[PDB]
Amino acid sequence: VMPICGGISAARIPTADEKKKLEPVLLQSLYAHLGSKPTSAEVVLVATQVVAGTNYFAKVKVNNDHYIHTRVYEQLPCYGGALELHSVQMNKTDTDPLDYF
């Protein structure tokens, strides 16, 4: 009854390869969004939007202190497969819903 294109999966727990995929990218790109460089950035929850490629939405523990939500776009393999940070929702709670933005 529901579309394929653009639908967001249920927020769930990352895999060991999702964390290795995402966190190094978050450590490098988060300063342009947060205005400081994080000392740590932990993907605690992830949800996936099917797109031409994949939008990863993530609940992210920053500096083991607080939470943000991140949108990271993953290219299709033929486009190279790079991952890039698209935007940030700051100042979130640990049970804030991991919703599309």
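Start at 1 with the first residue shown and count on from there.
Can you work out whether the C-alpha temperature factor of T93 puts it in the lowest, middle or highest third of the chain?
Tercile = highest for this residue's CA B-factor.
Among the modelled residues of its chain, does the C-alpha B-factor of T48 lie in the lowest, middle or highest third?
CA B-factor rank for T48: lowest third.
Sorting by Cα B-factor within the chain, modelled residues only, which third would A10 end up in: lowest, middle or highest?
For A10, whose C-alpha B-factor we compare with every modelled residue in the chain, the answer is the highest third.
What third of the chain does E74 rank in for C-alpha temperature factor, lowest, middle or highest?
Its C-alpha B-factor belongs to the lowest third of this chain's values.
Would you please rank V25 by its C-alpha temperature factor against the other modelled residues of its chain and give the third it falls in: lowest, middle or highest?
It belongs to the lowest third of the chain when residues are ordered by C-alpha B-factor.
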